[PDB]
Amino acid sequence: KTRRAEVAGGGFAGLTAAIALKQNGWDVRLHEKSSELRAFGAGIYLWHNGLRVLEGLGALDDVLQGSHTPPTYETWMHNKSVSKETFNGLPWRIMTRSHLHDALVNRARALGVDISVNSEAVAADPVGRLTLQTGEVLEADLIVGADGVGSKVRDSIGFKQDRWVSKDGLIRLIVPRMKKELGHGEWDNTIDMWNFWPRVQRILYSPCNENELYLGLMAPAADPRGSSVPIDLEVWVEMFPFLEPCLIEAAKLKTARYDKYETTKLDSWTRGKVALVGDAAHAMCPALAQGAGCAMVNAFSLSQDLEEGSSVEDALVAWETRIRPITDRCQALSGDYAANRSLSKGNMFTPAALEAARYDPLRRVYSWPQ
């Protein structure tokens, strides 16, 4: 009589879905294809919307402890400060990916979510079957495709898909803060350091806590030095000399990767008893820092709609209808910002830009008015 859910993917979306369902009394199994549970991407920003999901997951305290809210979100163009934004009190937070992942994993385990590593979903059936790489077929009342941008769950079913790949990427790293070595300045701030001259090179500077700094080093794919990993120390120091102590530490990271990314928009997110959440459904440009925030809101919202006393099929349809427009709008605006390099101007976290962030999934209203 206990409802059964199978979740494919052990990322932020899958873990969120698993915790939220388990909290509602579902028997939940989560499948992670990797040998271990781990989050990549170095660091991550969350906002009010994602912090509220964490609150609703009972995972907020572990996240806030050991993460950071900068005094301000500052933007530079060619080393000149062009804006400082604090979003009228809107809560936000920076942390390492592992920090967020660990909080979600610990909460999942505390609740008795069944987690299988080395377990890869290769197909899903709308009537409620999930097939693993081994050949094993699992039956369930709900199947969640939270398996990222190349979702086999999605592709095993076939969803009409708008796909785009970014030509340019970036290198994301965690390094020591080296705060004392940085000297005079406001080194607790987020600082988005844009340049187009003498070359296109940008650093998003993002403190995660008193010990760890998240750096995003962005240069065109066509730049053989700026895009190099391990980093070409000289060309980063040249344009960002005030960050030399941290860049010296970054140069030690021989695991650095130049990551490109893609965006995804689907004609829908559901088929029968199958729901797609996270990047598998709606991967977006990083400009508004809402990829995971939207993913978490969506996975959390899915659990909510499954409490209405409907069939799973109808609840899934109602879920997309209810919650998707917030993601569609955020994805679109983020895409525009990215295409137009809008963030380079500063002062671009407008009310419309902050729309996803303002959404409270717990009370289902918009908060922190701008």
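Sequential numbering from 1, following the sequence displayed. If you superpose the two forms and keep the largest set of C-alpha atoms that fall within 1.5 Å, you have the rigid core.
Colleague: Please indicate which stretch deviates more in 6 other deposited structures of this protein: 237-245 or 259-267, judged by C-alpha RMS distance after a core superposition?
Modeller: Of 237-245 and 259-267, the stretch deviating more in 6 other deposited structures of this protein is 259-267.
Colleague: Give, as the answer, the stretch of 166-174 and 269-277 that departs more from the shown form in 6 other deposited structures of this protein; the measure is RMS Cα distance after a core fit.
Modeller: When 166-174 and 269-277 are compared in 6 other deposited structures of this protein, 166-174 lies farther out.
Colleague: Test of understanding: from the entry's C-alpha B-factors, which stretch has the higher mean, 358-366 or 20-28?
Modeller: Between 358-366 and 20-28, it is 20-28.
Colleague: Quick check on the record: does 310-318 or 329-337 carry the larger mean Cα temperature factor?
Modeller: 310-318 has the higher mean C-alpha B-factor.
Colleague: From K84, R93, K152, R257, can you pick the one with the highest C-alpha B factor in the entry?
Modeller: Max CA B-factor in the entry, restricted to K84, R93, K152, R257: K152.
Colleague: From the list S98, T72, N118, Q290, select the residue with the highest C-alpha B factor recorded in the entry.
Modeller: Answer for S98, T72, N118, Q290: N118, with the highest C-alpha B-factor.
Colleague: In terms of the chain's CA B-factor thirds, is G10 lowest, middle or highest?
Modeller: CA B-factor rank for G10: highest third.
Colleague: Split the chain's modelled residues into thirds by Cα B-factor; is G145 in the lowest, middle or highest one?
Modeller: It falls in the middle third of the chain.
Colleague: Test of reading the entry: by CA B factor among the chain's modelled residues, which third contains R225?
Modeller: Answer is middle: the recorded C-alpha B-factor places it there.
Colleague: For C246, does the deposited CA B-factor place it in the lowest, middle or highest third of the chain?
Modeller: Its C-alpha B-factor, which the entry lists for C246, ranks in the lowest third among residues of this chain.
Colleague: What third of the chain does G89 rank in for C-alpha temperature factor, lowest, middle or highest?
Modeller: Lowest third of the chain for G89's C-alpha B-factor.
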